[PDB]
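For reference, the structure discussed in these notes is given below.
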Amino acid sequence: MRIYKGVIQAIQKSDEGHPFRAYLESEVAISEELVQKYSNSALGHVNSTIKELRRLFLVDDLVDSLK
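Numbering of the sequence shown is given in the deposited numbering, commencing with residue 13 and proceeding in unit increments.
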């Protein structure tokens, strides 16, 4: 569950456009490990954002993005 605590990286990173809901979209394919995938798939975060965004809203899993 730490993911939620790990997501803080988004909240604290007020230098990244302070994105919260948009960050949640990516938390889905990351859900497994926040820091590991985050540091490793530094790239995947790019398309996943474009591909998953429109998709996330259709399924509305922003709240459940955490788990």
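Just so it is clear, CB atoms sit at the ideal spot from N, CA and C, and this is done for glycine as well.
Environment of residue i [buried if 16+ CB atoms lie within 10 Å]
i   : result
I23 : exposed
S51 : exposed
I62 : exposed
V75 : exposed
Collapsed DSSP secondary structure at residue i in the structure displayed
i   : result
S43 : coil
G18 : helix
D76 : helix
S26 : coil
Residue i versus residue j - alpha carbon distance
i   : j   : result
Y35 : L70 : 16 Å
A54 : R33 : 19 Å
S77 : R14 : 13 Å
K79 : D27 : 26 Å
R67 : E45 : 21 Å
The alpha helix (DSSP H) enclosing residue i, as first and last residue numbers
i   : result
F69 : 57-71
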